[PDB]
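K.L.:
fold the following for me, if possible:
(5 chains, ligands or ions: 12)
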Amino acid sequence: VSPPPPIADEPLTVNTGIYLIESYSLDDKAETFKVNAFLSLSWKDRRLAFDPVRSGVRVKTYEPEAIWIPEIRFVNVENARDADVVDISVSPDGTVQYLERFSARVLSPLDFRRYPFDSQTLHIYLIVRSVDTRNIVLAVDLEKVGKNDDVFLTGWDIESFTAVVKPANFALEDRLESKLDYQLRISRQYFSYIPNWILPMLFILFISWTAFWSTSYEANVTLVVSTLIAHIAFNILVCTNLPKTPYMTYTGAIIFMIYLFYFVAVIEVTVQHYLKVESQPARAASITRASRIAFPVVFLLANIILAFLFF
Amino acid sequence: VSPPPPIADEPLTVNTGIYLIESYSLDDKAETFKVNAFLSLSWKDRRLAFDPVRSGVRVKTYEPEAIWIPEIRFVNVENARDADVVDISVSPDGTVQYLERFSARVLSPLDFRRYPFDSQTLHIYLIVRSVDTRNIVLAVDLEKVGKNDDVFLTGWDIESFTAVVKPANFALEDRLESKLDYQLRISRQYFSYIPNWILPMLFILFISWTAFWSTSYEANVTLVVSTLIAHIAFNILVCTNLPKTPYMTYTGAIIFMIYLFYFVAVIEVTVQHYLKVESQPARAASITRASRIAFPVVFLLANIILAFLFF
Amino acid sequence: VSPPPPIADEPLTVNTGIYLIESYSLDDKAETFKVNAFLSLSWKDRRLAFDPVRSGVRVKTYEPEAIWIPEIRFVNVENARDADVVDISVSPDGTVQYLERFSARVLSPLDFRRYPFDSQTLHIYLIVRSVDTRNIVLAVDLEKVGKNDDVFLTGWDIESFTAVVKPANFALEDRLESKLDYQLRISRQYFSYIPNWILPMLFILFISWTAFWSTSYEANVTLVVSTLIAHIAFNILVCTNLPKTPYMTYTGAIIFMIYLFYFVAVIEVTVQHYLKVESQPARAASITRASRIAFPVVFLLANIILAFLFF
Amino acid sequence: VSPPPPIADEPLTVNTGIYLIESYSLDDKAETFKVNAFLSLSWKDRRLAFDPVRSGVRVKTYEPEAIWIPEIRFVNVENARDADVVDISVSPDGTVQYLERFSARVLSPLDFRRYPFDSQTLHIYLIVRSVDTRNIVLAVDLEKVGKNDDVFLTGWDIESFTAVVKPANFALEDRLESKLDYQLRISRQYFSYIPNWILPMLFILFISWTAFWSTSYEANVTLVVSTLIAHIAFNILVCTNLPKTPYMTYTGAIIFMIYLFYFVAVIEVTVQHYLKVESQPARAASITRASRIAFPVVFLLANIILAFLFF
Amino acid sequence: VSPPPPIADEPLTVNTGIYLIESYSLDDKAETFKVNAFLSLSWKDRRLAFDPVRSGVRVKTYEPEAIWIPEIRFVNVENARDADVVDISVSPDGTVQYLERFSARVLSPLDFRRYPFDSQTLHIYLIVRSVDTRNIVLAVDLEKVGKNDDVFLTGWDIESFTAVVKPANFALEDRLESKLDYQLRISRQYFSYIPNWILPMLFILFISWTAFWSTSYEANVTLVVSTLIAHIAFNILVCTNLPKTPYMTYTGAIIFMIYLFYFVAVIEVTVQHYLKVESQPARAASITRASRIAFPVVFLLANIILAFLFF
Ligand SMILES: [Cl-]
Ligand SMILES: [Cl-]
Ligand SMILES: [Cl-]
Ligand SMILES: [Cl-]
Ligand SMILES: [Cl-]
Ligand code: NA
Ligand code: NA
Ligand code: NA
Ligand code: NA
Ligand code: NA
Ligand code: NA
Ligand code: NA
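P.N.:
Numbering: from 1, shown residues only, chains lettered A, B, ... in the order given. Ligands and ions are numbered 1, 2, ... in the order given. Let me share the structure:
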């Protein structure tokens, strides 16, 4: 079966549409997500047109084998070709209404610099390669683009599922390719992070600042170093599985700054002790007293700067 | 093969029934479970009807290819079509009785706020898309809905497997959809959590409260901080298998409260030491003495409040 | 293809046999195991009868497609239908002799209360659903039930592979099911646990008892608390691979009892210190001296009781 | 269908080309990567040649079944044959132009001695085995070799995707084999490692060097040993998953040298204490004072030597 | 298609040969490895014999369907039947030369007592079941057994890939089974373990021995216990990937011994302190002085004994 011939040197327009049934498994590290949806395709093949009176039927149903179907493919899928045809209907004029159910593991990059207060725009790209007898272009039938009300993506808030209606028509290996961009907009549910990660992490850091109200070097070393181990362990406890970025993330800056704070705390503790030993308790006292305000103020300030830089 | 034509403008009623053979693999983080089951389908197609006296047979058996079968689909499955036809029987009147064995990874959301004392209602949804020639509705044959007595789901207690007999009726892309809700009611076996997690975690926290019977700052710092590290490692030991919720869980609250208790214990230990150093041992003694009753009483009280709020 | 007709109202006996080629992947958590085996089936289909004088051949060989084969299914598998037909031989009488190679992830529950000194009985259940024209019953050909001498299951000792010869013939969804039970008896190789887990865990607990020979509160706090951390880390090191049971396990009890011992050790250390501080070193000495015999004796006794309760 | 016969004892030249659509999942431990790409093949089959005036068509399209296609295989793939034919076009002279979409998990070794500042050359090898009737050789059509501009490999910078134009002809099991080498050149995005791993690891080591400004053995033991634990935990936190190499890696040497520094630090702390106890504080002071310059200088120097040796 | 008939009561000899293309994924815990190879089969079928002159061809090519092919199977594969036929060629006398590309996940047990200085013999077993008309036996064509020069297995050294030429012919379920043993000899690349595991682990133990140069019980308790935690974490850091053996391994013994050393060190530290407290510093000094030589000597000696017992 060859493609439908043109009426007069025109390309075949294939009207597309993705309707989301289920969304699941957003893998941050892999930068992938899985989807269960309908794919609707509509085009005109005049060769299939008929008189409804003669046939005694208002619409004819076909098997995929029986008629010519455009080779529509997904660009960014990790999944194998997972598709089941639901219906093929030919209206009296020769308009074919194709419908299939599919599931795919889609590969779309994520921006982690605002993590865990980040939002994403996931993409599902559709392509079709132009054939020797006719060029093919994609179109969006907005009536056949949407998502079911049940559609959820664990740990995320689903904002929208739209399509950039104008395709990207370009040349590849001497043939025309027509590409559409379906966008799934989502925003991370950040609630969990504040009682489960930010607050316990801030408590461990604050414990280290009690060393500014002690003159016991043995107690201070234990304080600052034990909270440092506790901090590490706490992030081991998180089992952070955020991929490696060629850029700095909001979380990454904060964590780094916290290591620096743990370091400076050690220096203060060391200086205070050295001065007490060097029979200069006057300076040792001044530094310790200053650090009681310096450490919380600098931390709060640095965080304001960081928050500002990231958002 | 087209659907059976109506006697007089009536929809095709497809009688369904899911009989659970095996249930397994409840993934909390994925919010999925796997199932091994029978799917029974029955509808009337008068074109298949026969006079048994002529046939010399009371029931005729068919191959799926040979006759029209309604395209029943599962809404919420992650799984690829995994179905094997067991039997297709046509009664003399035209009633087709279809039976298949299937297995599926079902995606059903879970409520974690009462975790690990939570109960779930898992769903298996069946759909049928109405066709161009005839509209289709799903029905439940209660005699063909059940579970085998062996059916177990590790770490859970299986309460029931029932079906909401009335289907959903709605339009999708200009066609009528008939959905059925099969509900598998389960309740978490919480026993394990009390000796393996709750009690050892309460012991580590109690050890920290011995600092209210000591005046040794070095010993107290060691106590409170080491038990805090211990706590973290103990939860790292858990290797928590719980998804990130946009809400607070019972477990989540408890853990948070325990971090707060570790923090306040440090403050007391710090204050008691500072006052002893400031030559005010009368206040330092009063605080330490109060804390001996305050810490356990507030903890017990706060837990009563939480338990009340969650259950 | 319909089943063979009865001579006079008798059911079709399908003689079965599983011969294990390979066993592997016993997943404790999942309660599953994988198997590579032969499945032998035999029944009579007189429609296939032939005269070898005419046929020239003493036994005919067929393709699964060519003849009626009973729909034998595995009840408790996770796996998809993974089967390769090796031979289908028919003798002049019509007796079919079917052989296939299969692999399957079998789901059979495990009893963990005697872990890691536990023994298991794994099951492989065959079923055949009776058809409209003839009832089908399963049978065991003992000559075709066994395991190869190489057959191993890592971390377990394979005792036996036998079959309950009497099938569980019952009624389901108005038809007759004939169920056979195959039993793979195994016992856990517990050697590894004693030098790798039991002994280093007993050493860490013993180190904590050295606090009964010290009067230094700072040293005692360090001892008892650091060994508690060590213990946690050591079970984190084990990365325990056991499921959550609705019952108490031998290992589970031991671990719990060890946590309780760590707690009571802290109480003693606390009491001894408070008394010394309260200028009552006479009682503090008595307690510490008693604890030197109390803790080992109570531990040994409690373990005898537990061992007795579990075995 | 047999291969096209030679005009006069010449081998069949199959013009190849791989066009990368998507690259993903570079697994360092497995030394594998996944690819989604076009495979273009072209050969002249003179039996397929046609007169365009008689046919009334300038190019004929075929089904893979209809014509002889060379058996091109990938050498180094872990993946199963995942290929979908897009187009088969025969020009009037009989020159077939084949195009397929494939995805494969490619096994190519990696050099870890410069990790995490390493660059790789990934290989995709195409083979063809000469047949009994005609010998086959591979060629590169440079116009059909490339990658889309979107092509990304998470955590890596994609430099180039080129092919060694000259194939490697050799004999195997008495037949001629034509191999082509496609090279995907990538360099690791090392940014992440400096704030997330190198710097916090250097801070933990610096904290241990404060023991050179203290005379308190109890405080020093705490410092040096706790930071040693922190270092371990920090690398557990990294969950380094870099395979086991028969050679020393840059990272591996650094880590090793850090363990040695932690050991020497303990010796210094031990020596300093022993001398103070032996009433030789003059030597103890000299050593501690020396160590303040010795440790940082030796470390900086050793790192320059290492960097030089590795780069 | 029946098997070729015998000339005079002789079995059919099928000449086999495995040629390794790729080897990868040696899973120690699963005791499996993956392979990509060629399988060459050759047998004589006189029904396929021809006069070269009549057909005008020296060799005829076939489709697997067209001719009788022996059902050769792999015994110890976890993998599903992953095979692609490359070529089938019939020589004028009727000798069929079959060639296929396969990939399999092979299950072969491993000996871990000399780990990580262990060597393995991995097996690939080929079986053939004798048919009703003719008995089939396996043979090795040594010219068709080998491995490509590129063949590597990460973390191992590939010594040889040979085949025990005499098959194991035996009776199974009343038919004759002919089995061939293909052997892949490998030896572990142990370099990595000495700087990454053995040496940092020995350093942590040596740090604990500094307690024999200190009289400070608080410092010694910290030393011995902290290094014991460090040791655990260091093996948790290693996250050892070795299954559970019913026998003791070299690594296993070493680790155990190290735990015993950590325990004895605590005893010494406890004894030394008790004696100092009991105002017997003469004995306390003697023990500490002895331990300075006892611990290294006993350790070195015990290791010599162990090494000797294992190798
Ligand atoms: Cl696609
Ligand atoms: Cl479905
Ligand atoms: Cl089955
Ligand atoms: Cl391939
Ligand atoms: Cl096989
Ligand atoms: Na399509
Ligand atoms: Na169906
Ligand atoms: Na301490
Ligand atoms: Na069957
Ligand atoms: Na510690
Ligand atoms: Na090909
Ligand atoms: Na075969």
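K.L.:
gap between residue A:276 and residue B:96?
P.N.:
Residue A:276 is 93 Å from residue B:96, where distance means Cβ to Cβ, to the nearest Å. Just so you know, the C-beta spots here come from the backbone N, C-alpha and C atoms, and that holds for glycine as well.
K.L.:
swap that for residue A:220, sorry
P.N.:
82 Å.
K.L.:
residue A:164 now?
P.N.:
46 Å.
K.L.:
of those two, which one has the most company?
P.N.:
Neighbour totals were compared for residue A:164 and residue B:96, and residue B:96 leads with 22 against 13 (other Cβ atoms under 10 Å in any protein chain shown).
K.L.:
I'd guess the more buried one is in a strand, am I close?
P.N.:
Yes: counting by DSSP: H, G, I helix; E, B strand; the rest coil, residue B:96 is part of a strand.
K.L.:
mind listing the helices in chain A by residue range?
P.N.:
Counting by DSSP state H, residue ranges of the helices within chain A are A:52-55, A:193, A:199-208, A:217-238, A:250-277, A:281-310.
K.L.:
pick the most deeply packed of those.
P.N.:
Per-stretch averages of neighbours, counted by mean count of other Cβ atoms under 10 Å in any protein chain shown, single out helix A:217-238 among the helices of chain A, with a mean of 25.
K.L.:
briefly note if that one comes near chain E.
P.N.:
No: Helix A:217-238 is not in contact with chain E by Cβ under 8 Å from any Cβ of the partner chain; minimum separation 9.2 Å.
K.L.:
so is that helix next to chain C?
P.N.:
No: using Cβ under 8 Å from any Cβ, we find that helix A:217-238 stays clear of chain C, coming within 9.2 Å at best.
K.L.:
list the helices and strands that helix packs on?
P.N.:
In terms of contacts (3 or more Cβ pairs under 8 Å, 6 or more residues apart in numbering or on different chains; DSSP states H and E), helix A:217-238 is packed against helix A:199-208, helix A:250-277, helix B:217-238, helix D:199-208, helix D:217-238.
K.L.:
quick one: the residue in the stretch 151-300 of chain A that chain C sits nearest to and residue A:225, what's the gap?
P.N.:
Closest contact between the stretch 151-300 of chain A and chain C, by Cβ to the nearest Cβ, is at residue A:218 (9.2 Å). Separation of residue A:218 from residue A:225 (Cβ to Cβ) stands at 11 Å.
K.L.:
now do the shared contacts for these two.
P.N.:
The contact sets of residue A:218 and residue A:225 overlap at residue D:222 (Cβ atoms under 8 Å, 6 or more residues apart in numbering or on different chains).
K.L.:
and chain A, which of its residues are near ligand 8?
P.N.:
Within chain A, the residues that sit near ligand 8 (Cβ under 5 Å from the ion) are residue A:222.
K.L.:
residues near residue A:177, how many?
P.N.:
Residue A:177, neighbours per other Cβ under 10 Å, totals 20.
K.L.:
who's in contact with it?
P.N.:
A:127-130, A:169-171.
K.L.:
now residue A:138
P.N.:
Contacts of residue A:138 by Cβ under 8 Å, 6+ apart are A:13-14, A:16, A:72, A:126-128, A:167, A:178-180.
K.L.:
any idea where the strands of the stretch 1-150 of chain A begin and end?
P.N.:
A:12-27, A:32-44, A:60-61, A:72-74, A:83-90, A:95-107, A:119-128, A:136-140, A:146-147 (DSSP state E, counting those that start in this stretch).
K.L.:
among those, which comes closest to residue B:57?
P.N.:
With Cβ to Cβ as the criterion, residue B:57 lies closest to strand A:60-61 of the strands of the stretch 1-150 of chain A, at 30.9 Å.
K.L.:
got the contact list for that closest one?
P.N.:
A:48, A:50, A:87-90, B:2, B:131-132.
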